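The structure file upload.txt is reproduced below (compact mmCIF, N, CA and C atoms and all ligand atoms).
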# COMPACT_ATOMS: atom_id res chain seq x y z
N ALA A 2 22.54 54.09 7.07
CA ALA A 2 22.48 54.56 8.50
C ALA A 2 21.95 56.01 8.61
N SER A 3 21.05 56.23 9.58
CA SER A 3 20.37 57.53 9.82
C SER A 3 19.70 57.49 11.19
N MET A 4 19.50 58.66 11.79
CA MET A 4 18.82 58.83 13.09
C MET A 4 17.42 58.23 13.01
N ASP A 5 16.70 58.51 11.94
CA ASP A 5 15.27 58.12 11.81
C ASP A 5 15.19 56.61 11.59
N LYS A 6 16.12 56.06 10.80
CA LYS A 6 16.23 54.59 10.57
C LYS A 6 16.53 53.92 11.90
N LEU A 7 17.43 54.48 12.71
CA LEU A 7 17.86 53.86 14.00
C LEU A 7 16.65 53.78 14.94
N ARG A 8 15.81 54.81 14.95
CA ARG A 8 14.63 54.80 15.84
C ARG A 8 13.75 53.60 15.45
N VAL A 9 13.55 53.40 14.15
CA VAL A 9 12.63 52.34 13.64
C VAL A 9 13.22 50.97 13.98
N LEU A 10 14.52 50.81 13.75
CA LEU A 10 15.29 49.60 14.11
C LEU A 10 15.14 49.33 15.61
N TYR A 11 15.39 50.33 16.45
CA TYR A 11 15.33 50.15 17.93
C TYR A 11 13.90 49.74 18.34
N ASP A 12 12.90 50.39 17.78
CA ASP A 12 11.49 50.05 18.11
C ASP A 12 11.17 48.62 17.66
N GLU A 13 11.73 48.15 16.55
CA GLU A 13 11.52 46.75 16.09
C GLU A 13 12.16 45.81 17.13
N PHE A 14 13.40 46.09 17.52
CA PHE A 14 14.18 45.32 18.52
C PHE A 14 13.36 45.17 19.81
N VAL A 15 12.83 46.27 20.33
CA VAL A 15 12.05 46.27 21.58
C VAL A 15 10.75 45.46 21.35
N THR A 16 10.05 45.66 20.23
CA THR A 16 8.73 45.00 20.02
C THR A 16 8.91 43.46 20.11
N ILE A 17 9.85 42.93 19.34
CA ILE A 17 10.16 41.47 19.30
C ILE A 17 10.64 41.02 20.69
N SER A 18 11.58 41.75 21.27
CA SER A 18 12.27 41.39 22.53
C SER A 18 11.19 41.28 23.61
N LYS A 19 10.37 42.31 23.68
CA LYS A 19 9.31 42.48 24.71
C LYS A 19 8.32 41.32 24.62
N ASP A 20 7.79 41.10 23.43
CA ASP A 20 6.75 40.07 23.25
C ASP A 20 7.32 38.72 23.69
N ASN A 21 8.58 38.41 23.34
CA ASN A 21 9.20 37.09 23.63
C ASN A 21 9.59 37.00 25.12
N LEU A 22 10.10 38.07 25.71
CA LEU A 22 10.56 38.04 27.13
C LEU A 22 9.35 37.87 28.05
N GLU A 23 8.27 38.57 27.74
CA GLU A 23 7.01 38.53 28.52
C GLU A 23 6.45 37.11 28.54
N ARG A 24 6.27 36.47 27.40
CA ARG A 24 5.60 35.14 27.39
C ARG A 24 6.57 34.07 27.92
N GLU A 25 7.88 34.24 27.70
CA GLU A 25 8.92 33.29 28.18
C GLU A 25 8.94 33.26 29.71
N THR A 26 8.88 34.43 30.36
CA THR A 26 9.25 34.65 31.79
C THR A 26 8.01 34.95 32.63
N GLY A 27 6.91 35.39 32.03
CA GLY A 27 5.72 35.86 32.75
C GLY A 27 5.88 37.25 33.37
N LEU A 28 7.02 37.92 33.21
CA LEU A 28 7.17 39.29 33.77
C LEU A 28 6.75 40.28 32.68
N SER A 29 6.36 41.49 33.06
CA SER A 29 5.92 42.57 32.14
C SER A 29 7.08 43.54 31.90
N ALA A 30 7.23 44.01 30.67
CA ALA A 30 8.23 45.01 30.26
C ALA A 30 7.88 46.36 30.89
N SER A 31 8.91 47.17 31.07
CA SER A 31 8.84 48.57 31.53
C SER A 31 8.91 49.49 30.30
N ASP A 32 8.61 50.76 30.52
CA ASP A 32 8.63 51.83 29.50
C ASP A 32 10.04 51.94 28.97
N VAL A 33 10.14 52.28 27.70
CA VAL A 33 11.44 52.41 27.04
C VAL A 33 12.02 53.77 27.45
N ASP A 34 13.33 53.82 27.40
CA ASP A 34 14.10 55.06 27.49
C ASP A 34 15.15 54.93 26.40
N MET A 35 14.83 55.40 25.20
CA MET A 35 15.59 55.00 23.99
C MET A 35 17.05 55.49 24.12
N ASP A 36 17.27 56.72 24.56
CA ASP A 36 18.64 57.28 24.63
C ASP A 36 19.47 56.50 25.67
N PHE A 37 18.86 56.11 26.78
CA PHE A 37 19.53 55.28 27.80
C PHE A 37 20.00 53.99 27.12
N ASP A 38 19.15 53.33 26.34
CA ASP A 38 19.49 51.99 25.77
C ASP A 38 20.52 52.14 24.65
N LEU A 39 20.42 53.19 23.85
CA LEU A 39 21.40 53.43 22.77
C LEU A 39 22.77 53.73 23.39
N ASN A 40 22.81 54.41 24.54
CA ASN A 40 24.03 54.57 25.37
C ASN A 40 24.56 53.17 25.73
N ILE A 41 23.68 52.26 26.17
CA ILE A 41 24.11 50.87 26.49
C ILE A 41 24.77 50.25 25.25
N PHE A 42 24.17 50.40 24.07
CA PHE A 42 24.71 49.79 22.83
C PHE A 42 26.05 50.45 22.47
N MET A 43 26.18 51.75 22.75
CA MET A 43 27.42 52.48 22.44
C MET A 43 28.57 51.86 23.24
N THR A 44 28.33 51.51 24.50
CA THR A 44 29.33 50.93 25.43
C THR A 44 29.63 49.48 25.01
N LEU A 45 28.63 48.80 24.48
CA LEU A 45 28.72 47.37 24.07
C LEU A 45 29.55 47.19 22.80
N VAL A 46 29.47 48.10 21.83
CA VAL A 46 30.04 47.89 20.46
C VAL A 46 31.52 47.54 20.56
N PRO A 47 32.35 48.32 21.29
CA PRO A 47 33.77 48.01 21.42
C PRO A 47 34.03 46.66 22.11
N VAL A 48 33.20 46.28 23.07
CA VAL A 48 33.35 44.96 23.74
C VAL A 48 33.05 43.86 22.71
N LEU A 49 31.97 44.01 21.95
CA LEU A 49 31.60 43.00 20.92
C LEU A 49 32.73 42.86 19.90
N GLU A 50 33.32 43.97 19.47
CA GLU A 50 34.37 43.95 18.44
C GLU A 50 35.60 43.21 18.97
N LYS A 51 35.96 43.41 20.24
CA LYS A 51 37.13 42.75 20.85
C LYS A 51 36.82 41.27 21.09
N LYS A 52 35.63 40.95 21.63
CA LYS A 52 35.30 39.55 22.00
C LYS A 52 34.93 38.73 20.75
N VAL A 53 34.47 39.33 19.65
CA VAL A 53 33.97 38.56 18.46
C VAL A 53 34.70 39.03 17.20
N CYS A 54 34.35 40.19 16.64
CA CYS A 54 34.98 40.73 15.41
C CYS A 54 34.42 42.13 15.13
N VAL A 55 35.10 42.87 14.25
CA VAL A 55 34.64 44.20 13.79
C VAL A 55 33.27 44.03 13.15
N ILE A 56 32.39 44.98 13.41
CA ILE A 56 31.03 45.02 12.85
C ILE A 56 31.09 45.77 11.51
N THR A 57 30.89 45.06 10.40
CA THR A 57 30.71 45.66 9.06
C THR A 57 29.46 45.05 8.46
N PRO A 58 28.89 45.68 7.42
CA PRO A 58 27.65 45.19 6.82
C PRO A 58 27.75 43.74 6.35
N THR A 59 28.97 43.21 6.17
CA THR A 59 29.21 41.84 5.64
C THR A 59 29.54 40.86 6.75
N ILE A 60 29.43 41.26 8.02
CA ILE A 60 29.66 40.35 9.19
C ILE A 60 28.71 39.17 9.05
N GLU A 61 29.21 37.97 9.29
CA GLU A 61 28.48 36.70 9.05
C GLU A 61 27.41 36.55 10.13
N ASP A 62 26.30 35.90 9.81
CA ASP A 62 25.16 35.72 10.75
C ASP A 62 25.64 35.07 12.06
N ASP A 63 26.57 34.11 11.98
CA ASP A 63 27.06 33.35 13.17
C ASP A 63 27.77 34.30 14.14
N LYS A 64 28.52 35.29 13.65
CA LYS A 64 29.21 36.27 14.52
C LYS A 64 28.19 37.17 15.22
N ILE A 65 27.15 37.61 14.52
CA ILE A 65 26.05 38.41 15.12
C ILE A 65 25.34 37.57 16.18
N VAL A 66 25.05 36.30 15.90
CA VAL A 66 24.30 35.44 16.87
C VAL A 66 25.17 35.27 18.12
N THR A 67 26.49 35.13 17.95
CA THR A 67 27.41 35.07 19.11
C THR A 67 27.45 36.41 19.89
N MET A 68 27.38 37.56 19.23
CA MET A 68 27.34 38.87 19.92
C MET A 68 26.07 38.94 20.77
N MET A 69 24.99 38.29 20.35
CA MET A 69 23.71 38.31 21.13
C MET A 69 23.89 37.61 22.48
N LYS A 70 24.89 36.74 22.65
CA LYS A 70 25.22 36.07 23.93
C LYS A 70 25.84 37.07 24.92
N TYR A 71 26.45 38.15 24.43
CA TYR A 71 27.12 39.17 25.28
C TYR A 71 26.22 40.38 25.53
N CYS A 72 24.95 40.33 25.10
CA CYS A 72 23.99 41.45 25.27
C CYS A 72 22.91 41.01 26.27
N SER A 73 22.97 41.54 27.49
CA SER A 73 22.02 41.16 28.56
C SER A 73 20.82 42.09 28.52
N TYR A 74 19.61 41.55 28.45
CA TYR A 74 18.38 42.37 28.41
C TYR A 74 18.20 43.21 29.69
N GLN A 75 18.68 42.73 30.83
CA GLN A 75 18.58 43.45 32.14
C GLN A 75 19.24 44.85 32.05
N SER A 76 20.10 45.07 31.05
CA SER A 76 20.82 46.35 30.82
C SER A 76 19.90 47.44 30.27
N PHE A 77 18.79 47.06 29.65
CA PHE A 77 17.91 48.02 28.93
C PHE A 77 16.67 48.39 29.73
N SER A 78 16.21 49.61 29.47
CA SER A 78 15.06 50.30 30.09
C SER A 78 13.86 49.35 30.18
N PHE A 79 13.52 48.71 29.05
CA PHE A 79 12.29 47.90 28.91
C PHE A 79 12.41 46.55 29.66
N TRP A 80 13.61 46.12 30.05
CA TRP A 80 13.76 44.87 30.82
C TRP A 80 14.63 45.09 32.06
N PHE A 81 14.64 46.31 32.59
CA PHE A 81 15.70 46.79 33.51
C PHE A 81 15.73 45.96 34.79
N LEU A 82 16.81 45.19 34.94
CA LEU A 82 17.11 44.31 36.10
C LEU A 82 16.02 43.25 36.30
N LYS A 83 15.32 42.80 35.25
CA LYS A 83 14.14 41.91 35.45
C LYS A 83 14.56 40.44 35.45
N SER A 84 15.55 40.07 34.66
CA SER A 84 16.05 38.67 34.55
C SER A 84 17.41 38.69 33.87
N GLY A 85 18.13 37.58 33.91
CA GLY A 85 19.46 37.52 33.28
C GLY A 85 19.45 37.09 31.82
N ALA A 86 18.30 37.12 31.14
CA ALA A 86 18.19 36.67 29.74
C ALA A 86 19.13 37.52 28.87
N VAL A 87 19.74 36.87 27.89
CA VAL A 87 20.57 37.55 26.86
C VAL A 87 19.80 37.55 25.53
N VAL A 88 20.26 38.38 24.60
CA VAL A 88 19.53 38.55 23.33
C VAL A 88 19.37 37.19 22.59
N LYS A 89 20.35 36.30 22.64
CA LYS A 89 20.27 35.00 21.94
C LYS A 89 19.09 34.17 22.49
N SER A 90 18.67 34.38 23.73
CA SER A 90 17.54 33.61 24.33
C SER A 90 16.24 33.88 23.56
N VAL A 91 16.05 35.12 23.08
CA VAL A 91 14.89 35.46 22.22
C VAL A 91 15.11 34.87 20.83
N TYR A 92 16.32 35.04 20.27
CA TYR A 92 16.68 34.49 18.95
C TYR A 92 16.32 33.00 18.92
N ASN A 93 16.67 32.29 19.97
CA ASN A 93 16.61 30.81 19.96
C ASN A 93 15.16 30.35 19.86
N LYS A 94 14.20 31.16 20.28
CA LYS A 94 12.77 30.79 20.24
C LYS A 94 12.00 31.42 19.08
N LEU A 95 12.66 32.13 18.15
CA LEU A 95 11.99 32.59 16.90
C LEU A 95 11.97 31.43 15.89
N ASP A 96 11.05 31.47 14.95
CA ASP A 96 11.11 30.52 13.81
C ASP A 96 12.24 30.98 12.87
N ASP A 97 12.54 30.16 11.87
CA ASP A 97 13.64 30.40 10.91
C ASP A 97 13.47 31.75 10.24
N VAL A 98 12.26 32.09 9.85
CA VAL A 98 12.02 33.35 9.10
C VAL A 98 12.22 34.51 10.06
N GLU A 99 11.62 34.42 11.24
CA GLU A 99 11.69 35.50 12.24
C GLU A 99 13.14 35.66 12.69
N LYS A 100 13.87 34.55 12.80
CA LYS A 100 15.32 34.57 13.13
C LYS A 100 16.10 35.47 12.15
N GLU A 101 15.88 35.33 10.85
CA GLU A 101 16.63 36.07 9.81
C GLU A 101 16.39 37.57 9.99
N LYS A 102 15.14 37.94 10.32
CA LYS A 102 14.76 39.35 10.46
C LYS A 102 15.43 39.90 11.72
N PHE A 103 15.48 39.11 12.79
CA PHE A 103 16.03 39.53 14.10
C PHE A 103 17.53 39.77 13.94
N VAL A 104 18.20 38.84 13.30
CA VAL A 104 19.66 39.00 13.01
C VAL A 104 19.89 40.33 12.26
N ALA A 105 19.13 40.57 11.19
CA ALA A 105 19.28 41.80 10.37
C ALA A 105 19.00 43.01 11.25
N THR A 106 17.91 42.99 12.03
CA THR A 106 17.57 44.14 12.90
C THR A 106 18.70 44.40 13.90
N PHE A 107 19.22 43.37 14.54
CA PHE A 107 20.25 43.53 15.59
C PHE A 107 21.55 44.02 14.92
N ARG A 108 21.94 43.44 13.78
CA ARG A 108 23.15 43.89 13.03
C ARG A 108 22.98 45.35 12.58
N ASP A 109 21.85 45.70 11.98
CA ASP A 109 21.65 47.06 11.42
C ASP A 109 21.62 48.07 12.58
N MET A 110 21.07 47.70 13.73
CA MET A 110 21.10 48.59 14.92
C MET A 110 22.56 48.85 15.32
N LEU A 111 23.39 47.81 15.43
CA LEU A 111 24.83 47.90 15.81
C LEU A 111 25.59 48.77 14.78
N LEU A 112 25.31 48.59 13.49
CA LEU A 112 25.94 49.42 12.43
C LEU A 112 25.47 50.88 12.58
N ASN A 113 24.19 51.15 12.83
CA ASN A 113 23.70 52.55 12.91
C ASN A 113 24.32 53.19 14.15
N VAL A 114 24.33 52.48 15.29
CA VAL A 114 24.98 52.97 16.54
C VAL A 114 26.45 53.29 16.22
N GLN A 115 27.20 52.31 15.72
CA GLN A 115 28.64 52.47 15.38
C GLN A 115 28.87 53.69 14.48
N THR A 116 28.04 53.91 13.47
CA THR A 116 28.10 55.11 12.59
C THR A 116 28.06 56.40 13.44
N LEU A 117 27.80 56.33 14.76
CA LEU A 117 27.62 57.52 15.66
C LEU A 117 28.78 57.67 16.66
N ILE A 118 29.31 56.58 17.22
CA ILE A 118 30.59 56.59 18.00
C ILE A 118 31.69 57.17 17.09
N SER A 119 31.55 56.91 15.79
CA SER A 119 32.35 57.47 14.67
C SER A 119 32.18 59.00 14.61
N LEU A 120 30.94 59.48 14.47
CA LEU A 120 30.67 60.94 14.34
C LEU A 120 31.15 61.69 15.58
N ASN A 121 31.09 61.03 16.74
CA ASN A 121 31.44 61.63 18.05
C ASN A 121 32.95 61.76 18.22
N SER A 122 33.75 61.26 17.26
CA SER A 122 35.25 61.30 17.31
C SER A 122 35.80 62.08 16.10
N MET A 123 35.02 63.01 15.54
CA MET A 123 35.41 63.81 14.35
C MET A 123 35.55 65.29 14.71
N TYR A 124 36.67 65.89 14.30
CA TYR A 124 37.12 67.26 14.66
C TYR A 124 37.71 67.93 13.40
ZN ZN B 201 1.90 39.63 22.54
ZN ZN B 202 16.56 58.98 28.44

For this file, write the structure as structure tokens.
Amino acid sequence: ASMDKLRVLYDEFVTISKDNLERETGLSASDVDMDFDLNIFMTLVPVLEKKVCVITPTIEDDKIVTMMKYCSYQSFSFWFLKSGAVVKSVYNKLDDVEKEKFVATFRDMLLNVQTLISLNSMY
């Protein structure tokens, strides 16, 4: 986990999300606001942990895919209020190989974010 790694992870998340949301829905993505969206993920992590399980590097793929059902794209800068699609809607239309990468990207983003709600509670 690192600030520079998180930027690359977030940009991967947006690139895949954007390409799939655009062709699925016919609507065009908006400009990113990375800090706004990482704020959204910061608020989401505790909800995901209560509704599904604690996020650790060994969390099973099925628990991550279920967390994607509780992540609404309308919450983020690049899809802001455009449709009610959730992250699993993009997952469901990837091929098997692309699916594995998306799960890893979404899990590693949640771990990098969580590594920061952590730093923000240290005195
Ligand atoms: Zn394209
Ligand atoms: Zn901002």

Open item on the list: Neighbouring residues of range 97-104 of chain A were defined as those with any atom within 7 Å, considering all atoms listed in the file; residues of the same chain fewer than 2 positions away were excluded. Please report them as a PyMOL selection string.
Closed with: chain A and resi 62+65-66+92+95+106-109

Task: Surroundings of ligand ZN 202 (chain B) up to 8 Å, based on all atoms listed in the file, as a VMD selection string - done: chain A and resid 33 to 38

TODO: Find the residues around range 80-87 of chain A up to 12 Å (only C-alpha atoms counted), leave out those fewer than 4 positions away in its own chain, and share them as a PyMOL selection string.
DONE: chain A and resi 15-16+18-23+25-34+37-38+41+66-76+91-93

- [ ] Would you return as a VMD selection string the members of chain A that DSSP assigns to alpha helix (DSSP H) on this structure's backbone?
- [x] chain A and resid 4 to 26 35 to 52 62 to 68 88 to 93 97 to 120

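If all atoms listed in the file are the atoms counted, then among A:24, A:6, A:52, A:94 the closest residue to ligand ZN 201 (chain B) is A:24.
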
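Coordinates place CA of residue 51 in chain A at a distance of 26.4 Å from CA of residue 13 in chain A.
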
TODO: May I have the residues within 9 Å of residue 112 in chain A as a ChimeraX atom specification, using only C-alpha atoms and disregarding those fewer than 5 positions away in the same chain?
DONE: /A:2,56-58,107,117

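In this model, the gap between CA of residue 121 in chain A and atom N of residue 40 in chain A comes to 13.0 Å.
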
Repair of range 3-27 of chain A at the level of N, CA, C and O atoms, as a JSON list (two decimals), in the coordinates of the input:
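Generated file (selection.json):
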[["chain", "number", "residue", "atom", "x", "y", "z"],
["A", 3, "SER", "N", 21.05, 56.23, 9.58],
["A", 3, "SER", "CA", 20.37, 57.53, 9.82],
["A", 3, "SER", "C", 19.70, 57.49, 11.19],
["A", 3, "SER", "O", 19.38, 56.41, 11.66],
["A", 4, "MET", "N", 19.50, 58.66, 11.79],
["A", 4, "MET", "CA", 18.82, 58.83, 13.09],
["A", 4, "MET", "C", 17.42, 58.23, 13.01],
["A", 4, "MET", "O", 17.02, 57.48, 13.93],
["A", 5, "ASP", "N", 16.70, 58.51, 11.94],
["A", 5, "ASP", "CA", 15.27, 58.12, 11.81],
["A", 5, "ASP", "C", 15.19, 56.61, 11.59],
["A", 5, "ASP", "O", 14.30, 55.97, 12.15],
["A", 6, "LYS", "N", 16.12, 56.06, 10.80],
["A", 6, "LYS", "CA", 16.23, 54.59, 10.57],
["A", 6, "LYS", "C", 16.53, 53.92, 11.90],
["A", 6, "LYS", "O", 15.94, 52.89, 12.16],
["A", 7, "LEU", "N", 17.43, 54.48, 12.71],
["A", 7, "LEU", "CA", 17.86, 53.86, 14.00],
["A", 7, "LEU", "C", 16.65, 53.78, 14.94],
["A", 7, "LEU", "O", 16.48, 52.76, 15.63],
["A", 8, "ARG", "N", 15.81, 54.81, 14.95],
["A", 8, "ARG", "CA", 14.63, 54.80, 15.84],
["A", 8, "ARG", "C", 13.75, 53.60, 15.45],
["A", 8, "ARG", "O", 13.19, 52.92, 16.34],
["A", 9, "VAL", "N", 13.55, 53.40, 14.15],
["A", 9, "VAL", "CA", 12.63, 52.34, 13.64],
["A", 9, "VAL", "C", 13.22, 50.97, 13.98],
["A", 9, "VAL", "O", 12.46, 50.12, 14.50],
["A", 10, "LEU", "N", 14.52, 50.81, 13.75],
["A", 10, "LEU", "CA", 15.29, 49.60, 14.11],
["A", 10, "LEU", "C", 15.14, 49.33, 15.61],
["A", 10, "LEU", "O", 14.75, 48.19, 15.98],
["A", 11, "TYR", "N", 15.39, 50.33, 16.45],
["A", 11, "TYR", "CA", 15.33, 50.15, 17.93],
["A", 11, "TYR", "C", 13.90, 49.74, 18.34],
["A", 11, "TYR", "O", 13.73, 48.86, 19.13],
["A", 12, "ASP", "N", 12.90, 50.39, 17.78],
["A", 12, "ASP", "CA", 11.49, 50.05, 18.11],
["A", 12, "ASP", "C", 11.17, 48.62, 17.66],
["A", 12, "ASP", "O", 10.45, 47.92, 18.40],
["A", 13, "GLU", "N", 11.73, 48.15, 16.55],
["A", 13, "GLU", "CA", 11.52, 46.75, 16.09],
["A", 13, "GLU", "C", 12.16, 45.81, 17.13],
["A", 13, "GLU", "O", 11.49, 44.81, 17.54],
["A", 14, "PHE", "N", 13.40, 46.09, 17.52],
["A", 14, "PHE", "CA", 14.18, 45.32, 18.52],
["A", 14, "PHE", "C", 13.36, 45.17, 19.81],
["A", 14, "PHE", "O", 13.20, 44.05, 20.31],
["A", 15, "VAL", "N", 12.83, 46.27, 20.33],
["A", 15, "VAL", "CA", 12.05, 46.27, 21.58],
["A", 15, "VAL", "C", 10.75, 45.46, 21.35],
["A", 15, "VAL", "O", 10.36, 44.68, 22.27],
["A", 16, "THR", "N", 10.05, 45.66, 20.23],
["A", 16, "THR", "CA", 8.73, 45.00, 20.02],
["A", 16, "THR", "C", 8.91, 43.46, 20.11],
["A", 16, "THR", "O", 8.17, 42.79, 20.88],
["A", 17, "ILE", "N", 9.85, 42.93, 19.34],
["A", 17, "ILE", "CA", 10.16, 41.47, 19.30],
["A", 17, "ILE", "C", 10.64, 41.02, 20.69],
["A", 17, "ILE", "O", 10.19, 39.97, 21.17],
["A", 18, "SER", "N", 11.58, 41.75, 21.27],
["A", 18, "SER", "CA", 12.27, 41.39, 22.53],
["A", 18, "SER", "C", 11.19, 41.28, 23.61],
["A", 18, "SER", "O", 11.09, 40.21, 24.29],
["A", 19, "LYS", "N", 10.37, 42.31, 23.68],
["A", 19, "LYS", "CA", 9.31, 42.48, 24.71],
["A", 19, "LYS", "C", 8.32, 41.32, 24.62],
["A", 19, "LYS", "O", 8.03, 40.66, 25.65],
["A", 20, "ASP", "N", 7.79, 41.10, 23.43],
["A", 20, "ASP", "CA", 6.75, 40.07, 23.25],
["A", 20, "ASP", "C", 7.32, 38.72, 23.69],
["A", 20, "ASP", "O", 6.61, 37.98, 24.33],
["A", 21, "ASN", "N", 8.58, 38.41, 23.34],
["A", 21, "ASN", "CA", 9.20, 37.09, 23.63],
["A", 21, "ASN", "C", 9.59, 37.00, 25.12],
["A", 21, "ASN", "O", 9.43, 35.91, 25.70],
["A", 22, "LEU", "N", 10.10, 38.07, 25.71],
["A", 22, "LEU", "CA", 10.56, 38.04, 27.13],
["A", 22, "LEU", "C", 9.35, 37.87, 28.05],
["A", 22, "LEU", "O", 9.45, 37.11, 29.03],
["A", 23, "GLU", "N", 8.27, 38.57, 27.74],
["A", 23, "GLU", "CA", 7.01, 38.53, 28.52],
["A", 23, "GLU", "C", 6.45, 37.11, 28.54],
["A", 23, "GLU", "O", 6.19, 36.62, 29.62],
["A", 24, "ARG", "N", 6.27, 36.47, 27.40],
["A", 24, "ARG", "CA", 5.60, 35.14, 27.39],
["A", 24, "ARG", "C", 6.57, 34.07, 27.92],
["A", 24, "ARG", "O", 6.10, 33.14, 28.58],
["A", 25, "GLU", "N", 7.88, 34.24, 27.70],
["A", 25, "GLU", "CA", 8.92, 33.29, 28.18],
["A", 25, "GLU", "C", 8.94, 33.26, 29.71],
["A", 25, "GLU", "O", 9.06, 32.15, 30.26],
["A", 26, "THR", "N", 8.88, 34.43, 30.36],
["A", 26, "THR", "CA", 9.25, 34.65, 31.79],
["A", 26, "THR", "C", 8.01, 34.95, 32.63],
["A", 26, "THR", "O", 8.13, 34.83, 33.85],
["A", 27, "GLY", "N", 6.91, 35.39, 32.03],
["A", 27, "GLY", "CA", 5.72, 35.86, 32.75],
["A", 27, "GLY", "C", 5.88, 37.25, 33.37],
["A", 27, "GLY", "O", 4.93, 37.72, 33.99]]
